[PDB]
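Each remark here refers to the structure printed beneath this line.
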Amino acid sequence: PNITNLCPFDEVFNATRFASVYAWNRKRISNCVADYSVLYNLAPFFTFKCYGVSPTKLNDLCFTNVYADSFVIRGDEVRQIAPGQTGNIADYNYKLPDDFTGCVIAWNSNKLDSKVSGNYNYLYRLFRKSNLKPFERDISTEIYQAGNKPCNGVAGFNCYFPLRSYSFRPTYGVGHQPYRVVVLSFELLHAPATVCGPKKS
Amino acid sequence: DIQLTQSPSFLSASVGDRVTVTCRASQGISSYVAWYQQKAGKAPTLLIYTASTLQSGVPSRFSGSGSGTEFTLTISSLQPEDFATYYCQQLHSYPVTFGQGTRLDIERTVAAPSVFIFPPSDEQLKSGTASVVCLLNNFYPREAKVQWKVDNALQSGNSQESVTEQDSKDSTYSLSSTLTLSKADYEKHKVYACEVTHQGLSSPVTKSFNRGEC
Amino acid sequence: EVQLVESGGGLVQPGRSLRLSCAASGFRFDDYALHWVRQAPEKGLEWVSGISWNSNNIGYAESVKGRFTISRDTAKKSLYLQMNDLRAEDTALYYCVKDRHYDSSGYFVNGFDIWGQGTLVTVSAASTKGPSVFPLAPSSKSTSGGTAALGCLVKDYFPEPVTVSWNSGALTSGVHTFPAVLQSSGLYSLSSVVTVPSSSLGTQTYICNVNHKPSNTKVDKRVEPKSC
Ligand SMILES: *[C@@H]1O[C@H](CO)[C@@H](O[C@@H]2O[C@H](CO)[C@@H](O)[C@H](O)[C@H]2NC(C)=O)[C@H](O)[C@H]1NC(C)=O
């Protein structure tokens, strides 16, 4: 149809700072025209594995709305971001649903998020009472006490602080290097057809 | 912490040549180094970062290289606005450390400085102070040496000097020496002399006067 | 355009505090690290302080640590460097700079991109006074090749640097005014001299006009060749 203003695909993929994985951010892309060419043209990235659609033909189809997320994770565990996988971030931080129709993008950031002394701006949750229903965020910082005696906000055996801090260093191997991840989640109900890419006539 | 040294403190050059500034560190800092240019009385701006990546709006003539504990900044061609000061910066730890600074100068013809010596004025004497001024004018090499000689005895620890900026017309420099004496000390000596050594001067030339001579 | 403005500088005395203000515009304040740098006159550059994006990593120089306080406020887009226990060593020009990758240092990409014009801060144990002018009378030893050298000596003007003019600005060619220097006693002084051909000596009167704003003292002193 009509409408020509480009979607803000540069505010998310060029942002200097990415929010930590435990408290991720949610962005709405609507009322614009998408341009997926730039994504795989400019950025040298790996693992463009998308679910529910072939990466080649994202231009022809029209979509209802686009939801953009973003965070940073460890290198060896990037495979955990997929339905049916089990892991610390999958169980406690970010869980994908069984029925998913969208893509994931992951790229290395060893030249951005690496500190000689050690980065401490990125944190992940380590343990929780139960799993998480898909698309849920947590900001809780209260102590989870596994001991019978109530620690009640103190430090002691059988009690641990829920959060743990990453520490990225240039001397680490490729396995532990940080990776920036952005997931795009779609829905193909195709009633309004508002936010789809370029087509003529 | 980590100390950084600029190899050339001052380096003369002409238009269209090739120059290199060597910022040497003490420890191995990988490639966390940067370079800055400061104009005449202006806030310095960034030139290069990580010694390899041009930042923005920077002429392609500038370039950088280095590794480990050695870095070099290269200017392929010289331009009239390139005359400025250059600093190198470490970025490995947290107490950051700048180099002692490199100043660039124009290239020109050697000049023999004109030497003038002035006697203290009578109006100053009654105030309780005495001063003799040694004047150097229009010398192309910035470096020089001023030695104070009184009654055939070298003087030190009580003199100060100041150098003007390079002239925009003659491209020379001017140097003034200020020697401070008390009124009692001034009248005790007989002859006051100034020693000047310069590249364009074959032998040290002394301009002097006697206290009892007009 | 990105602009940084410094304010609050001036003259103070040892043992007293001071505050500054680095206003910022043209960029998002909450996604960039900022630093305070100082520069002594004709002494290169030197680092003072730096802060992180969320005020979590702060580093000071040894010779400066434990005396000053850096504080950033995103509500007013402001950065403040509160001062304490000043000495003469801190007299310098202060720049407020903005780092490019939201964190202090150690990362691969770092650099001071935008530098403010800075403000002058001077600390001293002395007070404003009037300058004393002693003319440099030309003599037979001050002339060579038909051209003579003459000037004026202004001394002990403390507060601010002074400006000098020759023949009410008529004589400008061949004039050299040396930069002001700090005498060991703590008072500023400089000399300004001019070279003129000896043919005009004895026929032309040269009077140097020295104007000092802080003391509101306007002194014009004649210079004539010495008569033996
Ligand atoms: C992210 O920022 C860059 C700024 O460098 C944007 O511009 C691209 O810059 C690269 C660098 O050479 C060029 O190769 C591209 O052609 C530029 N893109 C253009 C002109 O559209 C970039 O567009 C931004 N957005 C991204 C990368 O998604």
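Following the order of the structure tokens, first chain is A, next is B, and so on, with residues numbered from 1 inside each chain and ligands from 1 in the order they appear.
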
Residues within 7 Å of region 68-78 of chain A, please, as JSON, numbers by chain. Count only C-alpha atoms; anything in the same chain fewer than 3 positions from it doesn't count.
{"A": [18, 19, 20, 21, 24, 25, 26, 27, 28, 81, 174, 175, 176, 177, 178, 179, 180, 181, 182, 183, 184, 185]}

Those residues with C-alpha atoms, as an mmCIF file, in the first residue's frame please?
```cif
data_model
loop_
_atom_site.group_PDB
_atom_site.id
_atom_site.type_symbol
_atom_site.label_atom_id
_atom_site.label_comp_id
_atom_site.auth_asym_id
_atom_site.auth_seq_id
_atom_site.Cartn_x
_atom_site.Cartn_y
_atom_site.Cartn_z
ATOM 1 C CA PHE A 18 22.669 -3.258 25.295
ATOM 2 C CA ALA A 19 20.515 -4.072 28.312
ATOM 3 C CA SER A 20 21.452 -7.054 30.456
ATOM 4 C CA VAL A 21 19.860 -10.410 29.706
ATOM 5 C CA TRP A 24 15.778 -7.139 28.621
ATOM 6 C CA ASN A 25 13.991 -4.427 26.636
ATOM 7 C CA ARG A 26 10.954 -4.606 24.364
ATOM 8 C CA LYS A 27 10.451 -2.446 21.273
ATOM 9 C CA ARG A 28 7.480 -1.975 18.929
ATOM 10 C CA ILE A 81 18.077 -19.340 22.506
ATOM 11 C CA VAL A 174 35.977 -17.506 21.778
ATOM 12 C CA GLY A 175 33.731 -19.647 23.976
ATOM 13 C CA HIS A 176 33.370 -17.108 26.794
ATOM 14 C CA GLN A 177 33.374 -13.949 24.663
ATOM 15 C CA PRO A 178 30.150 -11.906 24.799
ATOM 16 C CA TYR A 179 27.567 -12.040 22.019
ATOM 17 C CA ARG A 180 24.885 -9.462 21.228
ATOM 18 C CA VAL A 181 21.511 -11.031 20.413
ATOM 19 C CA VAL A 182 18.390 -9.443 18.906
ATOM 20 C CA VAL A 183 15.242 -11.527 18.386
ATOM 21 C CA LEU A 184 12.424 -10.543 16.025
ATOM 22 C CA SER A 185 9.016 -12.079 16.761
#
```

Could you please extract the residues within 8 Å of ligand 1, counting only C-alpha atoms and all ligand atoms, and hand them back as a PyMOL selection string?
chain A and resi 9-11+13-14+38-39+42-43

Test item, strand (DSSP E or B) assignment across region 13-199 of chain A, answer as a ChimeraX atom specification:
/A:25-29,33,46,50-51,66-74,102-108,123-125,144-145,156,159-160,163-165,178-185

Would you save the residues of that selection, restricted to N, CA and C atoms, as a short mmCIF file (atom, residue, chain, number, x, y, z; two decimals), in the first residue's frame?
```
data_model
loop_
_atom_site.label_atom_id
_atom_site.label_comp_id
_atom_site.auth_asym_id
_atom_site.auth_seq_id
_atom_site.Cartn_x
_atom_site.Cartn_y
_atom_site.Cartn_z
N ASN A 25 14.82 -5.54 27.07
CA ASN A 25 13.99 -4.43 26.64
C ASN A 25 13.12 -4.87 25.47
N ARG A 26 11.95 -4.25 25.36
CA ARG A 26 10.95 -4.61 24.36
C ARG A 26 10.62 -3.38 23.52
N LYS A 27 10.65 -3.55 22.20
CA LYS A 27 10.45 -2.45 21.27
C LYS A 27 9.39 -2.81 20.24
N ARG A 28 8.59 -1.82 19.87
CA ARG A 28 7.48 -1.98 18.93
C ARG A 28 7.85 -1.30 17.61
N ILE A 29 7.75 -2.03 16.51
CA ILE A 29 7.94 -1.46 15.18
C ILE A 29 6.59 -1.53 14.47
N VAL A 33 7.78 0.93 6.69
CA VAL A 33 8.17 -0.05 5.68
C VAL A 33 9.51 -0.64 6.08
N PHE A 46 26.90 -14.13 12.44
CA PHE A 46 26.70 -15.57 12.31
C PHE A 46 25.32 -15.92 12.84
N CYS A 50 16.51 -18.62 11.25
CA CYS A 50 15.16 -18.13 11.50
C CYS A 50 14.15 -19.26 11.48
N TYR A 51 13.13 -19.15 12.33
CA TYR A 51 12.06 -20.13 12.43
C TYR A 51 10.77 -19.57 11.86
N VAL A 66 5.77 -6.03 14.48
CA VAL A 66 7.12 -6.52 14.71
C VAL A 66 7.55 -6.12 16.11
N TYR A 67 8.05 -7.09 16.87
CA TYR A 67 8.54 -6.86 18.22
C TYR A 67 10.03 -7.15 18.24
N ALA A 68 10.82 -6.18 18.70
CA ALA A 68 12.27 -6.28 18.70
C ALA A 68 12.78 -6.31 20.13
N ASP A 69 13.58 -7.32 20.45
CA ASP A 69 14.24 -7.45 21.74
C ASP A 69 15.75 -7.42 21.53
N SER A 70 16.49 -7.35 22.64
CA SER A 70 17.94 -7.22 22.55
C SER A 70 18.55 -7.50 23.91
N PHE A 71 19.67 -8.21 23.92
CA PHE A 71 20.43 -8.47 25.14
C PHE A 71 21.81 -8.97 24.75
N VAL A 72 22.58 -9.39 25.75
CA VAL A 72 23.93 -9.92 25.55
C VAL A 72 24.08 -11.18 26.40
N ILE A 73 24.73 -12.20 25.84
CA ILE A 73 24.91 -13.49 26.50
C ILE A 73 26.33 -13.97 26.28
N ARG A 74 26.64 -15.14 26.84
CA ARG A 74 27.95 -15.74 26.68
C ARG A 74 28.04 -16.50 25.35
N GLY A 102 9.62 -16.45 14.01
CA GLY A 102 10.47 -15.28 14.00
C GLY A 102 11.92 -15.68 13.83
N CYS A 103 12.78 -14.67 13.83
CA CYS A 103 14.20 -14.86 13.58
C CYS A 103 15.02 -14.40 14.78
N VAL A 104 16.28 -14.84 14.81
CA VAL A 104 17.24 -14.44 15.83
C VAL A 104 18.53 -14.02 15.14
N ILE A 105 19.17 -12.98 15.66
CA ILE A 105 20.42 -12.46 15.13
C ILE A 105 21.42 -12.38 16.27
N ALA A 106 22.61 -12.95 16.07
CA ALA A 106 23.65 -12.91 17.08
C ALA A 106 24.97 -12.52 16.43
N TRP A 107 25.66 -11.56 17.03
CA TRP A 107 26.94 -11.13 16.48
C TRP A 107 27.93 -10.90 17.61
N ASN A 108 29.21 -11.05 17.28
CA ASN A 108 30.27 -10.90 18.26
C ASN A 108 30.47 -9.43 18.61
N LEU A 123 24.69 -8.56 33.87
CA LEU A 123 24.35 -9.50 34.92
C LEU A 123 23.32 -10.50 34.42
N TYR A 124 23.34 -11.70 35.00
CA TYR A 124 22.36 -12.73 34.70
C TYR A 124 21.87 -13.37 35.99
N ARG A 125 20.65 -13.89 35.96
CA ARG A 125 20.13 -14.62 37.10
C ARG A 125 20.65 -16.05 37.09
N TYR A 144 16.89 -15.55 47.46
CA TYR A 144 16.24 -16.85 47.47
C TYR A 144 16.99 -17.74 48.45
N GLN A 145 16.32 -18.15 49.52
CA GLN A 145 16.94 -18.89 50.61
C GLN A 145 16.51 -20.35 50.53
N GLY A 156 24.89 -16.19 53.81
CA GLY A 156 25.29 -17.35 54.58
C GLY A 156 25.10 -18.60 53.76
N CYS A 159 22.15 -19.94 51.40
CA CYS A 159 21.53 -18.73 50.88
C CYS A 159 22.50 -18.06 49.91
N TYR A 160 21.98 -17.60 48.78
CA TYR A 160 22.82 -16.98 47.77
C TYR A 160 22.10 -15.78 47.17
N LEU A 163 21.40 -12.75 41.72
CA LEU A 163 22.07 -12.28 40.51
C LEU A 163 23.56 -12.61 40.55
N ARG A 164 24.14 -12.78 39.36
CA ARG A 164 25.57 -12.95 39.20
C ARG A 164 26.02 -12.01 38.08
N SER A 165 27.25 -11.52 38.19
CA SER A 165 27.77 -10.52 37.27
C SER A 165 28.73 -11.16 36.28
N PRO A 178 31.56 -12.32 24.84
CA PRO A 178 30.15 -11.91 24.80
C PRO A 178 29.60 -11.88 23.38
N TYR A 179 28.28 -12.05 23.29
CA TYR A 179 27.57 -12.04 22.02
C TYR A 179 26.30 -11.21 22.18
N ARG A 180 26.08 -10.29 21.23
CA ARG A 180 24.89 -9.46 21.23
C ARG A 180 23.80 -10.15 20.42
N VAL A 181 22.61 -10.27 21.00
CA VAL A 181 21.51 -11.03 20.41
C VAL A 181 20.28 -10.14 20.32
N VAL A 182 19.65 -10.14 19.15
CA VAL A 182 18.39 -9.44 18.91
C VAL A 182 17.42 -10.43 18.27
N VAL A 183 16.25 -10.59 18.88
CA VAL A 183 15.24 -11.53 18.39
C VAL A 183 14.07 -10.73 17.83
N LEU A 184 13.58 -11.15 16.66
CA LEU A 184 12.42 -10.54 16.03
C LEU A 184 11.29 -11.56 16.02
N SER A 185 10.17 -11.20 16.63
CA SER A 185 9.02 -12.08 16.76
C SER A 185 7.87 -11.52 15.93
#
```

Output as JSON, numbers by chain the set of chain C residues within 6 Å of chain A, with distances taken over only C-alpha atoms.
{"C": [106, 107, 108]}

For CA of residue 171 (chain C) and CA of residue 135 (chain C), the interatomic separation in Å (one decimal):
16.6 Å

Would you mind writing down, as JSON, numbers by chain, each residue of region 18-91 of chain A that DSSP on the backbone assigns to helix (DSSP H, G or I)?
{"A": [37, 38, 39, 40, 41, 42, 55, 56, 57, 75, 76, 77, 78, 79, 80, 88, 89, 90, 91]}

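Near chain B, within 6 Å and counting only C-alpha atoms, the residues of chain C are residues 44, 61, 106, 113, 115, 117, 142, 178 and 228 of chain C.
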
With N, CA, C and O atoms retained, write the just-selected residues as a compact mmCIF listing (two decimals), in the first residue's frame.
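Printed below is out_14.txt as written:
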```
# COMPACT_ATOMS: atom_id res chain seq x y z
N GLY C 44 52.11 21.16 28.67
CA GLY C 44 51.47 19.96 28.16
C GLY C 44 50.07 19.80 28.72
O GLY C 44 49.34 20.78 28.91
N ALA C 61 43.45 10.82 39.98
CA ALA C 61 44.91 10.79 40.03
C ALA C 61 45.39 10.79 41.48
O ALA C 61 44.71 11.30 42.37
N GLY C 106 39.72 1.22 29.11
CA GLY C 106 40.04 -0.18 29.03
C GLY C 106 39.42 -0.87 27.83
O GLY C 106 39.90 -1.93 27.42
N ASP C 113 36.47 12.90 22.25
CA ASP C 113 36.05 13.49 20.98
C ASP C 113 35.87 15.00 21.08
O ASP C 113 36.57 15.76 20.41
N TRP C 115 35.87 18.55 23.04
CA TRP C 115 36.53 19.26 24.13
C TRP C 115 35.90 20.64 24.27
O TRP C 115 35.79 21.38 23.28
N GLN C 117 35.74 24.62 25.62
CA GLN C 117 36.73 25.69 25.58
C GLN C 117 37.46 25.84 26.91
O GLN C 117 38.56 26.42 26.93
N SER C 142 72.38 50.40 22.44
CA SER C 142 71.12 49.80 22.03
C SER C 142 70.82 50.00 20.55
O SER C 142 69.75 49.59 20.09
N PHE C 178 56.85 40.47 25.01
CA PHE C 178 57.10 39.14 25.54
C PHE C 178 55.95 38.71 26.46
O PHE C 178 55.31 39.54 27.10
N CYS C 228 74.19 61.67 28.25
CA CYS C 228 75.34 61.51 29.13
C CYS C 228 76.03 62.84 29.39
O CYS C 228 75.81 63.82 28.67
```

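Proximity of C:92, C:223, C:23, C:190 to residue 153 (chain C), computed with only C-alpha atoms, is greatest for C:190.
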
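Across the structure, CA of residue 71 (chain B) and CA of residue 105 (chain C) are spaced 19.1 Å apart.
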
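Distances to residue 30 (chain C) were evaluated for C:125, C:219, C:210, C:51 using only C-alpha atoms, and the minimum falls at C:51.
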
Go through B:172, B:30, B:3, B:69 one by one, measure the shortest atom-to-atom distance of each to chain A using only C-alpha atoms, and give the residue with the smallest value.
B:30

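Closest approach to chain B among A:201, A:34, A:171, A:47 is made by A:171 (distances from only C-alpha atoms).
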
My list of candidates is B:29, B:80, B:177, B:106. Which is closest to chain A when distances are computed with only C-alpha atoms?
B:29

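One finds CA of residue 123 (chain C) at 28.1 Å from CA of residue 77 (chain C).
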
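All residues of protein, DNA or RNA that reach within 9 Å of residue 83 (chain B), judged by only C-alpha atoms and not counting those fewer than 4 positions away in the chain, are residues 39, 40, 78, 79, 103, 104, 105 and 106 of chain B.
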
Serialized selection, N, CA, C and O atoms, as a PDB file, in the first residue's frame:
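Result went into again_26.pdb, see below:
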```pdb
ATOM      1  N   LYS B  39      45.746  22.958  18.310  1.00  0.00           N
ATOM      2  CA  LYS B  39      46.088  24.151  17.557  1.00  0.00           C
ATOM      3  C   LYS B  39      46.638  25.228  18.488  1.00  0.00           C
ATOM      4  O   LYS B  39      46.789  25.028  19.696  1.00  0.00           O
ATOM      5  N   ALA B  40      46.939  26.387  17.907  1.00  0.00           N
ATOM      6  CA  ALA B  40      47.422  27.514  18.693  1.00  0.00           C
ATOM      7  C   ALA B  40      46.305  28.084  19.559  1.00  0.00           C
ATOM      8  O   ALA B  40      45.410  28.770  19.057  1.00  0.00           O
ATOM      9  N   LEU B  78      52.667  17.549   4.055  1.00  0.00           N
ATOM     10  CA  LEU B  78      52.539  18.664   4.980  1.00  0.00           C
ATOM     11  C   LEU B  78      51.733  19.788   4.344  1.00  0.00           C
ATOM     12  O   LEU B  78      51.856  20.058   3.145  1.00  0.00           O
ATOM     13  N   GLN B  79      50.907  20.432   5.153  1.00  0.00           N
ATOM     14  CA  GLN B  79      50.056  21.539   4.755  1.00  0.00           C
ATOM     15  C   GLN B  79      50.264  22.686   5.731  1.00  0.00           C
ATOM     16  O   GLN B  79      50.723  22.471   6.858  1.00  0.00           O
ATOM     17  N   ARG B 103      55.969  19.546  19.457  1.00  0.00           N
ATOM     18  CA  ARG B 103      55.624  20.799  18.800  1.00  0.00           C
ATOM     19  C   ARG B 103      56.307  20.867  17.443  1.00  0.00           C
ATOM     20  O   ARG B 103      57.516  20.639  17.339  1.00  0.00           O
ATOM     21  N   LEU B 104      55.532  21.176  16.409  1.00  0.00           N
ATOM     22  CA  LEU B 104      56.067  21.301  15.063  1.00  0.00           C
ATOM     23  C   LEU B 104      56.382  22.759  14.743  1.00  0.00           C
ATOM     24  O   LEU B 104      55.705  23.684  15.199  1.00  0.00           O
ATOM     25  N   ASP B 105      57.427  22.952  13.942  1.00  0.00           N
ATOM     26  CA  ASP B 105      57.910  24.279  13.594  1.00  0.00           C
ATOM     27  C   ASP B 105      58.170  24.345  12.097  1.00  0.00           C
ATOM     28  O   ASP B 105      58.434  23.333  11.443  1.00  0.00           O
ATOM     29  N   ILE B 106      58.090  25.562  11.559  1.00  0.00           N
ATOM     30  CA  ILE B 106      58.376  25.778  10.148  1.00  0.00           C
ATOM     31  C   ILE B 106      59.877  25.656   9.903  1.00  0.00           C
ATOM     32  O   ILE B 106      60.700  25.793  10.813  1.00  0.00           O
TER      33      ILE B 106
END
```

Using only C-alpha atoms, which residue out of C:45, C:201, C:193, C:180 lies closest to residue 161 (chain C)?
C:180
